[PDB]
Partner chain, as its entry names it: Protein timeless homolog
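What follows is a single chain, given as structure tokens, in the form deposited without the partner chain.
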């Protein structure tokens, strides 16, 4: 019998939910006999990204493309009960999205399958210390206020309800973050992801897309993205009426000198002296309402006009291009109340 608090036990069950992993594979139309969870590999996913990149290169420049489309389905077997040809941009992005999720699903399954309560054994595999933040604490009030105040006006499909607040420490992240611990402009920001990705995120941290993956769909190039508006990140949990509970991170991000951009720029190397990109939004949390939570700026102010009209973005976003610039601090379990 596990001594872990019930919210921690319930979080471990959510994270290693095989049913959720299989349902996702069914939704992606993956053939679960030819490609069961146990047969997914890192080398297979790496090669599939390369094929999707090759697919775009061939399309940009019909027999040549069909061979690439067929090599993709041979590597990742699907069950269509005819296979849709990988020619249009939406078809390629749908497959990249599938791989991005399969990558962490592979991590979750490999951990799980690789005398004690199963919940305890699987908790230890995450190599992450997880503690419940009390509802009556100063931290919980600051965090609830951050959720409350930064829900965007255009994101009106749902209301957000905080279920549990966890304080997290990934093993080895302290050591990895040490070169950036004293960098200026450290901010507490949101990062949403599908619930099926959290086993991978807790065990391996937030990661950058591999070079093999297509460059399309990355407004500021391959990096780790964050928002200062909870709903902007909460949209990336991909919660539905079917699964209305999502997970969202609060990470301390060492932004340093921000390369401030109003439009897309596929960053390969930042300008010298710049440590991050700030995508400028039209609406920003009121800077006069910034609070410090144990030395880190928490931009929990209600949204006001940023005074920037000539931008592609409604809300800010922040990108770092080195995995070491992130130190995960909190993990929230959120209820999405769909309207």
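Positions refer to the first chain, counted from 1. Whichever C-alpha set is largest while still superposing within 1.5 Å between the two forms counts as the rigid core.
Chemist: Scan the PDB entry between residue 61 and residue 62 and report the missing deposited residues as one of none, 1 to 3, 4 to 9, 10 or more.
Modeler: Just 1 to 3 residues are missing between them.
Chemist: From residue 81 on to residue 82, does the model leave out none, 1 to 3, 4 to 9, or 10 or more residues of the deposited sequence?
Modeler: In the record, 1 to 3 residues between residue 81 and residue 82 lack coordinates.
Chemist: Using the B-factors recorded in the PDB entry, average over the C-alpha atoms of 218-226 and of 204-212, then report which stretch comes out higher.
Modeler: In the deposited entry, the stretch with the higher C-alpha B-factor mean is 204-212.
Chemist: Quick check: 24-32 versus 293-301, which has the larger average CA B-factor in the record?
Modeler: Mean CA B-factor is higher for 293-301.
Chemist: Check the PDB entry and point out which of 237, 143, 112, 99 has the largest C-alpha temperature factor.
Modeler: Of the options given, 112 has the highest CA B-factor in the PDB entry.
Chemist: From 177, 158, 190, 198, pick the one with the largest CA B-factor in the entry?
Modeler: Reading the PDB entry, the winner on C-alpha B-factor is 158.
Chemist: Mind checking which third residue 252 falls in for C-alpha B-factor across the chain?
Modeler: For residue 252, whose C-alpha B-factor we compare with every modelled residue in the chain, the answer is the lowest third.
Chemist: Among all modelled residues of this chain, ranked by Cα B factor, put residue 52 in the bottom, middle or top third, i.e. lowest, middle or highest.
Modeler: Answer is highest: the recorded C-alpha B-factor places it there.
Chemist: Would you please rank residue 279 by its C-alpha temperature factor against the other modelled residues of its chain and give the third it falls in: lowest, middle or highest?
Modeler: Ranked within chain, residue 279 CA B lands in the lowest tercile.
Chemist: Sort the modelled residues of this chain by their C-alpha B factor and say whether residue 136 lands in the lowest, middle or highest third.
Modeler: Within its chain, residue 136 is a middle-third residue by C-alpha B-factor, going by the deposited values.
Chemist: C-alpha B factor of residue 168, ranked within the chain: lowest, middle or highest third?
Modeler: Its C-alpha B-factor belongs to the lowest third of this chain's values.
One more form of this protein, deposited with the partner chain bound, exists but is not displayed; see below.
Chemist: Given that the partner chain is left out here, which of 116, 135, 269, 113 has a heavy atom within 4.5 Å of it in the deposited bound form?
Modeler: Here the answer is residue option 269.
Chemist: In the deposited bound form, which of the listed residues (207, 145, 125, 71) lies with a heavy atom within 4.5 Å of the partner chain?
Modeler: So the residue touching the partner chain in the deposited bound form, by this definition, is 207.
Chemist: Is the partner chain close enough to 175, 322 and 325 in the deposited bound form that each of the three has a heavy atom within 4.5 Å of it?
Modeler: Checked in the deposited bound form: all three residues contact the partner chain.
Chemist: Does at least one non-hydrogen atom of residue 121 fall within 4.5 angstroms of the partner chain in the deposited bound form?
Modeler: Output for residue 121 is no: heavy atoms all beyond 4.5 Å of the partner chain.
Chemist: Quick check on residue 38: any heavy atom within 4.5 Å of the partner chain in the deposited bound form?
Modeler: Judged by the heavy-atom cut-off of 4.5 Å, residue 38 is well away from the partner chain in the deposited bound form.
Chemist: Can you tell me whether residue 180 touches the partner chain? I mean in the deposited bound form, with a 4.5 angstroms heavy atom cut-off.
Modeler: Yes, contact at 4.5 Å.
Chemist: Closest heavy atom of residue 257 to the partner chain in the deposited bound form, within 4.5 Å or not?
Modeler: Result yes; residue 257 sits at the interface with the partner chain in the deposited bound form.
Chemist: Of 207-215, 160-168, 105-113, 125-133, which is the one stretch near the partner chain in the deposited bound form, taking non-hydrogen atoms within 4.5 angstroms as near?
Modeler: After filtering at 4.5 Å, what remains is 207-215.
Chemist: Which residue, 260, 129, 97, 139, is displaced 2 Å or more at the Cα between the shown form and the other one after superposing the core?
Modeler: That would be 97.
Chemist: After the core is matched up, is the C-alpha of residue 167 off by 2 Å or more between the shown form and the other one?
Modeler: Where the cores coincide, residue 167 shows only a C-alpha shift between the shown form and the other one that is less than 2 Å.
Chemist: After superposing the rigid core, is the C-alpha displacement of residue 290 2 Å or more between the shown form and the other one?
Modeler: Residue 290 C-alpha, core-superposed: shift of less than 2 Å.
Chemist: Quick one: core overlaid, is residue 280 moving 2 Å or more at the Cα between the shown form and the other one?
Modeler: Shift at residue 280: below 2 Å after core fit.
Chemist: Given a change of 3 Å or more, say if the Cα atoms of residue 97 and residue 277 sit closer or farther in the deposited bound form than in this form.
Modeler: Closer is correct, given that in the deposited bound form the C-alpha spacing of residue 97 to residue 277 is reduced by at least 3 Å.
Chemist: Would you mind telling me if residue 90 and residue 277 are closer or farther apart in the deposited bound form than in the shown form, C-alpha to C-alpha, with a 3 Å or larger change?
Modeler: So the answer is closer.
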